[PDB]
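> Have a look at this one before I ask anything.
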Amino acid sequence: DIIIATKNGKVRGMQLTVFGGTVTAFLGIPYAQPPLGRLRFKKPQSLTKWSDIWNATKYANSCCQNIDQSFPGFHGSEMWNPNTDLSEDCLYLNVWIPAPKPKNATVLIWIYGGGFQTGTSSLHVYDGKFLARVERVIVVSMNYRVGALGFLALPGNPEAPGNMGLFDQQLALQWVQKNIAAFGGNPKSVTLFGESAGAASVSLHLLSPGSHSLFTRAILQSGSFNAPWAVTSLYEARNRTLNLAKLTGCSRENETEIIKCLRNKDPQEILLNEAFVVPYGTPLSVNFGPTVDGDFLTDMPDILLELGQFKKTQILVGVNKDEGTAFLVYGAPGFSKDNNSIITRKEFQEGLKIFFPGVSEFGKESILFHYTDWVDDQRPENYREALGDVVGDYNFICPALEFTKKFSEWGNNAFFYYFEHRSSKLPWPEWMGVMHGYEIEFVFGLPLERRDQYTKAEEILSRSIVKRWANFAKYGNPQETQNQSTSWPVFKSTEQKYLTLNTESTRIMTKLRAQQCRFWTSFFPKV
Ligand SMILES: *[C@@H]1O[C@H](CO[C@@H]2O[C@@H](C)[C@@H](O)[C@@H](O)[C@@H]2O)[C@@H](O[C@@H]2O[C@H](CO)[C@@H](O)[C@H](O)[C@H]2NC(C)=O)[C@H](O)[C@H]1NC(C)=O
Ligand SMILES: CN(C)CCNc1cc(-c2ccncc2)c(-c2ccc3ccccc3c2)nn1
Ligand SMILES: *[C@@H]1O[C@H](CO[C@@H]2O[C@@H](C)[C@@H](O)[C@@H](O)[C@@H]2O)[C@@H](O)[C@H](O)[C@H]1NC(C)=O
Ligand SMILES: *[C@@H]1O[C@H](CO[C@@H]2O[C@@H](C)[C@@H](O)[C@@H](O)[C@@H]2O)[C@@H](O)[C@H](O)[C@H]1NC(C)=O
Ligand SMILES: *[C@@H]1O[C@H](CO[C@@H]2O[C@@H](C)[C@@H](O)[C@@H](O)[C@@H]2O)[C@@H](O)[C@H](O)[C@H]1NC(C)=O
Ligand SMILES: *[C@@H]1O[C@H](CO)[C@@H](O)[C@H](O)[C@H]1NC(C)=O
Ligand SMILES: *[C@@H]1O[C@H](CO)[C@@H](O)[C@H](O)[C@H]1NC(C)=O
């Protein structure tokens, strides 16, 4: 048996056999009072001490959310749906520590993505036991509120001030600060890493003064706060909160009386109205997201970035080759996971209206103009691939590159990767390529299980990524120094070098999507 005394009491974990070794998992440790009743929509309250032994031997409840039901029974979509009961009682976290217990181990804290509407730490592809085993790091992940329940906002009002899910995350980093040394970890050596909205979360923790002292370094996979979906303005955040109140019949004049009304609503009724608070929506709509609350986030984040107002430290940043393809099967006409999705020009044009619904005719014309000037206009995938690149470059790749340029300009080491390996177990079809979210299983080292049907080439790729990620966490330098590997150079603003990750080679290249990203970061924001 293994019992750890924490600041709030005793917790019991479980023993894992990993690779002829042992990892101690503590699954589902609460880190806040459950945000129920009069605590719904409020900042997370701290937890009162218990005197018994908490059995942290099972993943806890996932936070309430809407489920992806577009492909019932398809593992490619459902592997991302919650795998534990949904509940408002969901502020819990997990710890994987090496066995035997470490002394002063570097700590990795994972923050999942899901557009701030979905996600959960209990998912199979976020299992931290491999990293604990292979690199002798401690892995921490937490559940944080999503959707309106985590990001509803009436700015100023503390009954619904906004960013609660970010404060959930933040209270969890505090738990690691106050408690991780008892588990054998070094609170002075903590690296946040996350993917998608999780990566955007990590980038905002770099900006939040209340998070400065809670971590050392940051890793951003396929996400950053300057992505166009990441931060809601205070205008539309309030318009959304009001629209939700009308839909629930919760319209009042005393804006506090509205919150009280939304608090007597069942988590369902709230969930099932979240989609209509926006007039026009897209597959990437963030109905309720981060906003400038004046507490977690004190100014519009693009100004903070532009003027150097962030924690100075090292960042690891990167993106996947086909970030955009995943969203094209959730609405774009002519697309399907069950056929090769050759579309026409008229189909491409109609697909911009879905992804850019509130954009001028000229704005949509300008996207078509920059992406549809081909070398071989006879290639029948031209429009299929253009639209994927359009959605990927706009929503993920270019904001990630612009974040790294701006951050490094203040003197910090930065490392940029380009993940271009398509998993051999990937259940989506081939035209979708190296999809959004499918580097994650390699970061967590799932291909290290020989039992798990991956190729040998993928085991080696995972093994080096796991080494580079961990060397970055421990030492701020993501090299693999032994197995004659390519040195990963720092990303500088003039030369802009980046590292490719794949089973074939591993190359240094310069200036990713340079021509595409000039369009998105310099022309298009004017339209
Ligand atoms: C690829 O498929 C799309 C989507 O069609 C669905 O998937 C197919 C595999 C099959 O099961 C269909 O019955 C499904 O509807 C096709 O797009 C549709 O095309 C039809 C006729 O071409 C049109 O009336 C619909 O509006 C289209 N959209 C939808 C949402 O059904 C597309 O034509 C297929 N393309 C190729 C090249 O195979
Ligand atoms: C990253 N991993 C969890 C990949 C696993 N798959 C998915 C699927 C979806 C999705 C499901 C259904 N309809 C549309 C999108 C989303 C999703 C939802 C909302 C978003 C809002 C703003 C930016 C990105 C967003 C992404 N994210 N990830
Ligand atoms: C907590 O756990 C104690 C030890 O039992 C171990 O954990 C439970 C969850 C079972 O899986 C069991 O097989 C393990 O050996 C229990 O004696 C105790 O009753 C539990 N208490 C609560 C409140 O769950
Ligand atoms: C702000 O909210 C306005 C209120 O309109 C209501 O909400 C929209 C989403 C629809 O459901 C509509 O029929 C409702 O009456 C919207 O009209 C308006 O477009 C919203 N956005 C802006 C930018 O003003
Ligand atoms: C390095 O590679 C190992 C297997 O390759 C063998 O060991 C290396 C160090 C070389 O001597 C090579 O010629 C051998 O064939 C893996 O077991 C090991 O985990 C790898 N390490 C990393 C960090 O990728
Ligand atoms: C852990 O390492 C830090 C420096 O990173 C040191 O100051 C601290 O005392 C160490 N503590 C233990 C218990 O090893
Ligand atoms: C709204 O109602 C609450 C609770 O009854 C009260 O404290 C508050 O002052 C009211 N505000 C306004 C503007 O009427």
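Numbering, chain A: per Swiss-Prot, residues 31-557 in sequence.
Placed from the backbone N, Cα and C atoms, the Cβ positions cover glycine too.
Dumping what Swiss-Prot says about this protein:
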- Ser226: active site, acyl-ester intermediate (ACT_SITE)
- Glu353: active site, charge relay system (ACT_SITE)
- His466: active site, charge relay system (ACT_SITE)
- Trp110, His466: tacrine binding site (BINDING)
- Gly144, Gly145: substrate binding site (BINDING)
- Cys93-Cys120: disulfide bond (DISULFID)
- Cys280-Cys291: disulfide bond (DISULFID)
- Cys428-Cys547: disulfide bond (DISULFID)
- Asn85: N-linked glycosylation site (CARBOHYD)
- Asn134: N-linked glycosylation site (CARBOHYD)
- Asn269: N-linked glycosylation site (CARBOHYD)
- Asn284: N-linked glycosylation site (CARBOHYD)
- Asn369: N-linked glycosylation site (CARBOHYD)
- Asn513: N-linked glycosylation site (CARBOHYD)
- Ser226: phosphoserine (MOD_RES)
> Tally every other Cβ atom lying within 10 Å of the Cβ atom of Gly144 (substrate binding site).
20
> Using Cα coordinates, what distance in whole Å links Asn85 (N-linked glycosylation site) and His466 (active site, charge relay system)?
35
> Tell me which recorded positions (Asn85, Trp110, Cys428) have a Cβ under 6 A from ligand 3; sequence order is fine.
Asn85
> If you count, for each of the disulfide-bonded residues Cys93, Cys120, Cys280, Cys291, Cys547, the other Cβ atoms lying within 10 Å of its Cβ, which residue has the minimum?
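Looking at the disulfide-bonded residues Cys93, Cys120, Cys280, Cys291, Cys547, the Cβ with the fewest others within 10 Å is that of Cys291.
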> Listed recorded positions are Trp110, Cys120, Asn134, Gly145, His466; which of them have CA atoms within 10 A of the CA of the residue listed as 'active site, acyl-ester intermediate'?
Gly145, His466
> Quick test of your reading of the structure: among the recorded positions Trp110, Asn284, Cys291, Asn369, whose CB sits under 6 A from ligand 1?
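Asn369, in sequence order.
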> Quick one: of the recorded positions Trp110, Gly145, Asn269, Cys428, flag those whose CB is under 6 Å from ligand 2, and say none if nothing qualifies.
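Correct list: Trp110, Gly145.
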> Can you give me the Cα-Cα distance between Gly144 (substrate binding site) and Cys428 (disulfide bond) in Å, rounded to a whole number?
19
> Return one of helix, strand or coil for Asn85 (N-linked glycosylation site), based on DSSP.
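Strand, per DSSP.
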> Going through the recorded positions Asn85, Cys120, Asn269, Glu353, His466, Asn513 in sequence order, which have a CB under 6 Å from an atom of ligand 4?
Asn269
> Do you know offhand how many angstrom separate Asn284 (N-linked glycosylation site) and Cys291 (disulfide bond) by C-alpha?
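Their Cα atoms are separated by 11 Å.
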